[PDB]
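*Asks:* Here it is: the structure, laid out below.
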Amino acid sequence: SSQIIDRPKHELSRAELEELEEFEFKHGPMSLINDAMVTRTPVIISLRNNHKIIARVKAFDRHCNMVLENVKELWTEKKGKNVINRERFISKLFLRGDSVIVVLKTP
Amino acid sequence: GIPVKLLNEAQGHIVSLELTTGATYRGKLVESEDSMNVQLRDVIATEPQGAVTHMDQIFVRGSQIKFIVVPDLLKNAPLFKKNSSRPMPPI
Amino acid sequence: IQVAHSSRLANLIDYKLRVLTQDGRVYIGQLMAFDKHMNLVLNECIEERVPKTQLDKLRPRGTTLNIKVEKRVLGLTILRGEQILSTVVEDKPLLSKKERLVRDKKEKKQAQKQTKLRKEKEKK
Amino acid sequence: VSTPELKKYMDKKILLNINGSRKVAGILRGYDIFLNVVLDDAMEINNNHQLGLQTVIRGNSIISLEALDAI
Amino acid sequence: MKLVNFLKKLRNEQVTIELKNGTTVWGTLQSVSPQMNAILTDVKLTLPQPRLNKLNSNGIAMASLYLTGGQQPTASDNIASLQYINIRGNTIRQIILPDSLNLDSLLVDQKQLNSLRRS
Amino acid sequence: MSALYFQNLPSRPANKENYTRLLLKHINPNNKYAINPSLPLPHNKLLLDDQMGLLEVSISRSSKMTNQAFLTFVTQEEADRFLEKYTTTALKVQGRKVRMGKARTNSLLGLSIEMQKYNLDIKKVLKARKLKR
RNA sequence: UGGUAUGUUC
RNA sequence: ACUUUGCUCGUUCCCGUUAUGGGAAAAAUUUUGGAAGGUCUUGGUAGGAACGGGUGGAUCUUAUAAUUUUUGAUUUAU
RNA sequence: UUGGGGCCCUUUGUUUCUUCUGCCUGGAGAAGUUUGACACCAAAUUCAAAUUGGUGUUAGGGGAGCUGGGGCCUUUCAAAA
RNA sequence: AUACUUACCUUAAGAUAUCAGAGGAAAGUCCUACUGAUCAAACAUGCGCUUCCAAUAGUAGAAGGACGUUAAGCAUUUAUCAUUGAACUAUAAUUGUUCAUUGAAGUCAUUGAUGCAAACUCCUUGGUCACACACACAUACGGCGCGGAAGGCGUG
């Protein structure tokens with residue numbers, strides 16, 4: 001429990017590694033995504049290229065890569081005064097985990 | 001792996017490497033590492049906007065390297081051979 | 001040129017590649033070797049780049065665009081895998097697949113003979 | 001993993017370019033396996049203003065480290 | 001759970017990989033490496049213009065498309081149709097999947113199910 | 001409507017679409033079709049392939065008649081004007097000069113143009129069935 | 001129970 | 001579905017009769033599998049099998065998403 | 001066996017499998033073919049030879065047997081109708 | 001070559017196709033020259049499969065180069081910063097202009113760089129194969145000579 005969290009991972013046994021992954025997904029920061037996976041509530045995800053997606057999480061992963069359904073991407077584009085809101089609907093999408101900045105669970 | 005070992009073959013021969021900032025360096029390769037850190041000696045250094053200077057030695061961190069150009073004979077080095085047989089290693 | 005559908009980067013030894021890097025530069029050369037980090041070794045690779053002055057002819061609108069491309073020649077370079085972005089195949093190898101097979105069987109014969117000799121020489 | 005080969009640069013004046021623009025010159029006192037380096041009496045070459053009595057540089061930000069002395 | 005083992009299951013399906021340049025690669029997908037090195041075959045690299053007049057696009061990725069060797073010389077937009085592209089894994093931002101495939105068959109990790117039955 | 005007949009063409013292009021486009025480049029360089037590859041060619045069954053009169057080419061792979069091909073034009077006059085373009089200087093495709101002359105029999109598409117200027121098709125198909133005998 | 005390296009003797 | 005019963009039709013043979021019934025089975029036909037032989041072609045012709053280990057190299061998983069390559073500071077931005 | 005015609009010889013170290021003999025009024029002769037032979041490189045003993053350490057080469061075509069595979073035909077056997 | 005002397009080392013683990021079914025040492029493990037289905041590799045072997053394979057009836061041509069010449073081509077555009085003195089225009093602390101002095105750096109180039117375009121010369125590469133010098137074709141074109149190169153698909 002706590003002792004496997006504190007110990008360095010090169011010492012831990014294989015079953016302890018699998019146990020720590022389940023523990024950090026259940027009682028952790030990524031537990032947020034897990035709740036929205038199970039309660040089937042949409043999340044708002046803010047990407048590194050200044051695009052915002054609204055979607056439901058079908059699966060997620062250690063690197064925060066996630067399979068999403070009913071994805072809606074929102075972005076805005078500006079030159080000088082001019083600004084345009086563009087929006088796009090995608091049915092099913094894989095999202096590599098390194099782009100995400102913040103993930104918000106919708107009430 | 002083979003490319004890092006090819007860089008170890010080129011020790012003592014004039015290599016030319018371009019860093020990720022844009023600078024070019026051409027000099028003897030004194031020492032190289034498994035991490036690709038290289039130390040060039042008697043090096044002619046071209047800055048990104050083009051100025052050339054002379055440096056006595058330089059140590060570049062190998063993370064910053066784009067490419068390295070080694071001498072042209074090293075295509076005949078034996079680490080490129082596909083079909084090769086070993087002498088049954090000892091205890 | 002057609003490339004086999006199940007041809008990974010280990011099959012494409014001695015083909016002529018077209019490696020693309022992050023700064024918009026293309027490296028063209030015979031592929032010699034690769035690694036876990038995907039850092040190649042290219043035999044006669046020639047760097048090309050599009051100058052900033054030629055670049056606005058690429059922007060979407062004559063019939064065919066003509067881009068003078070600044071190329072430098074370098075030889076037997078090793079690239080670094082961090083910079084590589086995607087690779088495309090330009091030309092097939094010099095030797096045919098049958099003729100490549102013949103060479104490989106020959107080289108296996110000669111190598112086995114040489115280590116047999118080195119063994120029997122260290123015995124005496 | 002493997003410590004960098006800077007045993008010959010110890011206690012000698014050295015100029016290294018932090019990031020891509022800054023250029024810091026100091027006496028090299030120690031190094032790490034990440035190529036962190038700590039050098040005394042640093043100065044930032046542009047007029048050039050001194051940094052402090054003892055500085056450490058994260059080797060993530062070092063590109064090249066040429067030596068302005070004998071070696 | 002690693003979703004790369006999910007992504008390896010696809011193996012013969014028309015995807016669209018949207019990379020970090022902005023360039024999008026549409027094509028039939030062959031293998032995926034354990035570092036997400038996609039190898040696609042019948043690909044159609046393209047670079048979407050931003051629909052607002054004054055905004056340019058990525059300029060480096062324009063150079064990258066022309067230098068692939070596949071840009072049609074008469075073509076108006078930046079498209080390059082080329083057999084066999086190979087893509088290093090850190091470049092991929094997102095992968096637009098097909099509409100048809102069932103997620104609830106594919107997302108079952110056989111190894112997780114294996115250990116969970118065993119223990 | 002009069003089809004020209006060409007001997008001494010190269011017989012190694014193979015694919016008809018590739019053969020027509022390469023020939024048509026050697027006819028009129030910087031043509032519309034020849035300088036844009038991966039355009040569809042018009043199929044004009046009973047859209048000029050090329051301006052200045054060229055309507056179709058027609059080759060076959062039949063081992064009797066390899067190098068020969070037949071270009072059919074819009075009208076009777078352009079057929080004679082095309083010879084005028086040579087002006088007694090032989091056209092050359094690849095490294096071989098192409099002798100050319102008006103055909104002993106007009107083209108089928110040329111007959112379709114003149115007849116519009118299907119019973120004919122009945123006659124031709126019965127001819128084909130008689131030649132199958 | 002080893003390897004590579006070094007230099008001396010014959 | 002099994003068992004008994006007469007009636008109607010039926011690939012082939014026989015009989016009662018050529019209305020039709022009874023009996024027999026593919027023994028005539030085809031497709032599928034195998035053996036042998038013929039013909040034509042295409043490839044090989046000095047190694048091969050079995051056993052073995054403190055044997056080399058590939059691929060895969062985990063350390064490994066924490067500064068030196070792949071879990072983002074190169075869409076030039078406010 | 002001899003003669004004639006055509007084409008080829010840049011085969012450039014004049015057939016390039018190796019050695020030795022040899023050639024343009026010619027295309028030839030002898031010996032050899034993988035635990036072997038041949039070519040070449042480097043040294044130092046104070047020329048050469050000697051040895052030790054290396055890199056290569058040992059081929060192309062046709063035939064007989066022996067054998068792997070396909071297509072088509074015949075016979076025989078079994079299950080389907 | 002031997003031998004002797006030192007000096008430097010003497011290690012990340014684990015694995016070898018998957019799923020299902022029968023058997024052996026209620027849960028799972030292991031195994032089966034066991035059995036199905038999928039996958040992958042090699043080797044044979046085929047498809048009326050798809051693309052490509054250069055004049056000699058001629059002095060050519062195709063593909064790719066030149067880090068080749070014309071060439072100082074033709075058209076644009078570039079060549080420091082601070083301090084002090086002097087004249088100078090001026091709405092002006094003297095902003096503008098010219099000459100000299102001290103200090104600081106300073107890739108070479110200006111016959112350069114950049115934009116455009118054309119001619120010429122030359123290198124590498126290829127079945128420079130066989131039969132032909134032929135009146136075809138709407139279902140548009142016997143893809144009904146032998147090889148070779150590269151892929152696609154199928155079987156064993």
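Lettering and numbering for the structure tokens are positional, with chains as A, B, ... in the shown order, residues counted from 1 in each chain, and ligands counted from 1 in the shown order.
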Define the interface residues of chain J facing chain C as those within 9 Å, counting only C-alpha atoms (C1' of nucleotides), and report them as a ChimeraX atom specification.

*Replies:* /J:67,114,149-151

*Asks:* Taking C-alpha atoms (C1' of nucleotides) for each residue, export the selection above as a PDB file, in the first residue's frame.

*Replies:*
```
ATOM      1  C1'   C J  67      29.831  19.472 -55.926  1.00  0.00           C
ATOM      2  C1'   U J 114      19.376  36.931 -54.235  1.00  0.00           C
ATOM      3  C1'   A J 149      12.979  -6.371 -62.400  1.00  0.00           C
ATOM      4  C1'   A J 150       9.523  -5.038 -58.951  1.00  0.00           C
ATOM      5  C1'   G J 151       5.149  -5.596 -56.265  1.00  0.00           C
TER       6        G J 151
END
```

*Asks:* Using only C-alpha atoms (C1' of nucleotides), I'd like a table of the residues in chain J that come within 8 Å of chain F; for each, show the closest atom pair and its distance in Å rounded to one decimal, ordered by chain and ascending number, as CSV.

*Replies:*
```
residue,atom,partner,partner_atom,distance
J:53,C1',F:12,CA,7.8
J:55,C1',F:95,CA,4.4
J:58,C1',F:96,CA,7.6
J:60,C1',F:95,CA,4.5
J:61,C1',F:95,CA,4.6
J:62,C1',F:94,CA,7.6
J:132,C1',F:64,CA,7.8
J:133,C1',F:7,CA,7.9
J:134,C1',F:65,CA,5.5
J:135,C1',F:104,CA,6.6
J:136,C1',F:60,CA,7.0
J:137,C1',F:108,CA,6.8
J:138,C1',F:45,CA,7.1
J:141,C1',F:60,CA,5.2
J:142,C1',F:62,CA,5.9
J:143,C1',F:61,CA,7.3
```

*Asks:* For a quick check of understanding, using only C-alpha atoms, which of B:60, B:4, B:17, B:29 has the smallest distance to chain D?

*Replies:*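 The answer is B:60, which sits nearest to chain D.
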
*Asks:* With a cut-off of 12 Å and counting only C-alpha atoms (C1' of nucleotides), select all residues of chain A in contact with chain J and give the selection as a VMD selection string.

*Replies:* chain A and resid 10 to 14

*Asks:* Show me, as a tab-separated table (two decimals) with N, CA, C and O atoms, in the first residue's frame, the residues that have an atom within 10 Å of residue 86 in chain A when counting only C-alpha atoms (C1' of nucleotides), minus same-chain residues fewer than 4 positions from it.

*Replies:*
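Below is the file that was written, around_30.tsv:
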```tsv
chain	number	residue	atom	x	y	z
A	51	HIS	N	-6.04	23.30	-28.67
A	51	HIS	CA	-7.33	22.76	-29.06
A	51	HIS	C	-7.97	22.14	-27.83
A	51	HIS	O	-7.28	21.52	-27.03
A	73	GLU	N	-13.91	18.59	-31.22
A	73	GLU	CA	-12.75	19.47	-31.10
A	73	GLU	C	-13.11	20.91	-31.38
A	73	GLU	O	-13.68	21.21	-32.43
A	74	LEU	N	-12.70	21.78	-30.48
A	74	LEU	CA	-12.98	23.20	-30.54
A	74	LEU	C	-11.67	23.94	-30.58
A	74	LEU	O	-10.76	23.64	-29.80
A	75	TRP	N	-11.56	24.90	-31.48
A	75	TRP	CA	-10.35	25.69	-31.59
A	75	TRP	C	-10.69	27.04	-32.17
A	75	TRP	O	-11.76	27.24	-32.74
A	76	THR	N	-9.78	27.98	-31.99
A	76	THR	CA	-9.98	29.32	-32.50
A	76	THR	C	-8.72	29.79	-33.20
A	76	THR	O	-7.62	29.38	-32.84
A	77	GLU	N	-8.88	30.60	-34.23
A	77	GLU	CA	-7.75	31.03	-35.02
A	77	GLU	C	-7.81	32.53	-35.26
A	77	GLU	O	-8.86	33.07	-35.58
E	50	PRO	N	-5.70	27.04	-43.09
E	50	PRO	CA	-6.49	27.44	-41.93
E	50	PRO	C	-7.77	28.23	-42.22
E	50	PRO	O	-8.20	28.97	-41.34
E	51	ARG	N	-8.30	28.22	-43.44
E	51	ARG	CA	-9.58	28.81	-43.89
E	51	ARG	C	-9.73	30.31	-43.66
E	51	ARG	O	-10.68	30.90	-44.18
```

*Asks:* For chain F against chain E, with a cut-off of 10 Å and counting only C-alpha atoms, what is the closest atom pair and its distance in Å to one decimal for every residue that makes the cut, ordered by chain and number, as a Markdown table?

*Replies:*
```
| residue | atom | partner | partner_atom | distance |
| --- | --- | --- | --- | --- |
| F:35 | CA | E:74 | CA | 9.0 |
| F:36 | CA | E:74 | CA | 6.9 |
| F:37 | CA | E:72 | CA | 9.0 |
| F:38 | CA | E:72 | CA | 9.3 |
```

*Asks:* Would you put the residues from that selection into a file with N, CA and C atoms, as a compact mmCIF listing (two decimals), in the first residue's frame?

*Replies:*
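result24.txt written:
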```txt
# COMPACT_ATOMS: atom_id res chain seq x y z
N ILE F 35 1.69 16.75 -69.95
CA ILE F 35 2.49 17.39 -68.91
C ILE F 35 1.78 17.31 -67.56
N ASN F 36 0.51 16.93 -67.55
CA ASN F 36 -0.13 16.52 -66.30
C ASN F 36 -0.33 15.02 -66.32
N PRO F 37 0.56 14.23 -65.73
CA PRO F 37 0.25 12.82 -65.50
C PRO F 37 -0.85 12.66 -64.46
N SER F 38 -1.42 11.46 -64.45
CA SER F 38 -2.58 11.09 -63.63
C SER F 38 -3.77 12.02 -63.86
```

*Asks:* Expressed in Å to a single decimal, how great is the separation between CA of residue 25 in chain B and CA of residue 45 in chain B?

*Replies:*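 Between CA of residue 25 in chain B and CA of residue 45 in chain B the gap is 4.6 Å.
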
*Asks:* Could you check which of J:93, J:109, J:104, J:1 is closest to chain D, using only C-alpha atoms (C1' of nucleotides)?

*Replies:*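 Smallest separation from chain D among the options: J:104.
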
*Asks:* Set the distance at 12 Å and use only C-alpha atoms (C1' of nucleotides): which residues neighbour range 21-29 of chain I once local chain neighbours fewer than 2 positions away are removed? I'd like the list as a PyMOL selection string.

*Replies:* chain I and resi 8-9+11+14-15+19+31

*Asks:* Between range 45-72 of chain E and range 18-23 of chain C, at 10 Å or less, what are the per-residue closest atom pairs and their distances in Å? Count only C-alpha atoms, order by chain and rising residue number, and return it as CSV.

*Replies:*
```
residue,atom,partner,partner_atom,distance
E:60,CA,C:23,CA,6.5
E:61,CA,C:22,CA,8.6
E:63,CA,C:23,CA,8.8
E:64,CA,C:20,CA,6.8
E:65,CA,C:20,CA,9.2
E:67,CA,C:20,CA,7.8
E:68,CA,C:18,CA,7.0
E:69,CA,C:18,CA,8.4
```

*Asks:* Which residues are close to residue 107 in chain A, i.e. within 10 Å by only C-alpha atoms (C1' of nucleotides), leaving aside same-chain residues fewer than 3 positions away? Reply as a ChimeraX atom specification.

*Replies:* /A:41-43,104

*Asks:* Go ahead and save the residues from that selection, with N, CA and C atoms, as an mmCIF file, in the first residue's frame.

*Replies:*
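Done, and the output landed in again.cif:
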```cif
data_model
loop_
_atom_site.group_PDB
_atom_site.id
_atom_site.type_symbol
_atom_site.label_atom_id
_atom_site.label_comp_id
_atom_site.auth_asym_id
_atom_site.auth_seq_id
_atom_site.Cartn_x
_atom_site.Cartn_y
_atom_site.Cartn_z
ATOM 1 N N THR A 41 -19.396 10.051 -17.956
ATOM 2 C CA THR A 41 -19.601 11.477 -18.041
ATOM 3 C C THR A 41 -18.560 12.069 -18.964
ATOM 4 N N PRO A 42 -18.878 13.097 -19.738
ATOM 5 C CA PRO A 42 -17.877 13.673 -20.625
ATOM 6 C C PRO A 42 -16.799 14.392 -19.842
ATOM 7 N N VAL A 43 -15.629 14.514 -20.453
ATOM 8 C CA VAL A 43 -14.515 15.273 -19.925
ATOM 9 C C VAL A 43 -14.132 16.321 -20.943
ATOM 10 N N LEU A 104 -10.656 17.949 -17.230
ATOM 11 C CA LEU A 104 -11.681 18.393 -16.308
ATOM 12 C C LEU A 104 -12.845 17.430 -16.396
#
```

*Asks:* Please, which residues of chain H lie no more than 9 Å from chain B when the count uses only C-alpha atoms (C1' of nucleotides), and can they be set out as JSON, numbers by chain?

*Replies:* {"H": [54, 55, 56, 68, 69]}

*Asks:* Restricted to N, CA and C atoms (P, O5', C5', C4', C3', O3' and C1' of nucleotides), what would the selected residues look like written as a PDB file, in the first residue's frame?

*Replies:*
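Resulting contents of part27.pdb:
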```
ATOM      1  P     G H  54      27.449 -26.633 -19.452  1.00  0.00           P
ATOM      2  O5'   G H  54      27.667 -25.248 -18.721  1.00  0.00           O
ATOM      3  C5'   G H  54      27.946 -24.097 -19.489  1.00  0.00           C
ATOM      4  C4'   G H  54      27.082 -22.954 -19.056  1.00  0.00           C
ATOM      5  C3'   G H  54      27.479 -21.600 -19.623  1.00  0.00           C
ATOM      6  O3'   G H  54      26.849 -21.363 -20.871  1.00  0.00           O
ATOM      7  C1'   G H  54      27.398 -21.477 -17.272  1.00  0.00           C
ATOM      8  P     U H  55      26.687 -19.891 -21.486  1.00  0.00           P
ATOM      9  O5'   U H  55      26.687 -20.138 -23.055  1.00  0.00           O
ATOM     10  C5'   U H  55      27.901 -20.385 -23.740  1.00  0.00           C
ATOM     11  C4'   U H  55      27.808 -19.931 -25.165  1.00  0.00           C
ATOM     12  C3'   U H  55      26.830 -18.809 -25.443  1.00  0.00           C
ATOM     13  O3'   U H  55      27.288 -17.528 -25.073  1.00  0.00           O
ATOM     14  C1'   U H  55      26.593 -20.479 -27.077  1.00  0.00           C
ATOM     15  P     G H  56      26.255 -16.302 -25.010  1.00  0.00           P
ATOM     16  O5'   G H  56      26.249 -15.695 -26.471  1.00  0.00           O
ATOM     17  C5'   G H  56      27.437 -15.169 -27.031  1.00  0.00           C
ATOM     18  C4'   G H  56      27.274 -14.902 -28.495  1.00  0.00           C
ATOM     19  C3'   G H  56      26.179 -13.932 -28.853  1.00  0.00           C
ATOM     20  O3'   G H  56      26.562 -12.592 -28.677  1.00  0.00           O
ATOM     21  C1'   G H  56      26.072 -15.798 -30.279  1.00  0.00           C
ATOM     22  P     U H  68      16.915  15.548 -21.901  1.00  0.00           P
ATOM     23  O5'   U H  68      18.015  14.747 -22.707  1.00  0.00           O
ATOM     24  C5'   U H  68      18.643  13.621 -22.124  1.00  0.00           C
ATOM     25  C4'   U H  68      19.301  12.714 -23.110  1.00  0.00           C
ATOM     26  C3'   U H  68      19.378  11.273 -22.641  1.00  0.00           C
ATOM     27  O3'   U H  68      19.090  10.364 -23.687  1.00  0.00           O
ATOM     28  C1'   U H  68      21.546  12.120 -23.038  1.00  0.00           C
ATOM     29  P     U H  69      17.721   9.527 -23.653  1.00  0.00           P
ATOM     30  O5'   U H  69      17.080   9.830 -25.076  1.00  0.00           O
ATOM     31  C5'   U H  69      16.501  11.111 -25.364  1.00  0.00           C
ATOM     32  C4'   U H  69      15.935  11.115 -26.760  1.00  0.00           C
ATOM     33  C3'   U H  69      14.938  10.006 -27.061  1.00  0.00           C
ATOM     34  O3'   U H  69      14.028  10.432 -28.063  1.00  0.00           O
ATOM     35  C1'   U H  69      16.823   9.740 -28.438  1.00  0.00           C
TER      36        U H  69
END
```

*Asks:* List as a ChimeraX atom specification the protein and nucleic acid residues near residue 60 in chain H, meaning an atom at most 12 Å away when only C-alpha atoms (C1' of nucleotides) are counted, but skip any in the same chain fewer than 5 places from it.

*Replies:* /E:5,33-34 /J:14-17

*Asks:* Store the residues of this selection in a file with C-alpha atoms (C1' of nucleotides), as a PDB file, in the first residue's frame.

*Replies:*
```
ATOM      1  CA  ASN E   5      -1.323  -3.058 -27.696  1.00  0.00           C
ATOM      2  CA  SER E  33       5.848  -0.866 -33.035  1.00  0.00           C
ATOM      3  CA  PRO E  34       5.877  -0.831 -29.223  1.00  0.00           C
TER       4      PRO E  34
ATOM      5  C1'   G J  14      12.403 -12.724 -17.751  1.00  0.00           C
ATOM      6  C1'   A J  15      10.533 -14.970 -22.139  1.00  0.00           C
ATOM      7  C1'   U J  16       9.934 -18.022 -27.553  1.00  0.00           C
ATOM      8  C1'   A J  17       2.657 -17.508 -31.237  1.00  0.00           C
TER       9        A J  17
END
```
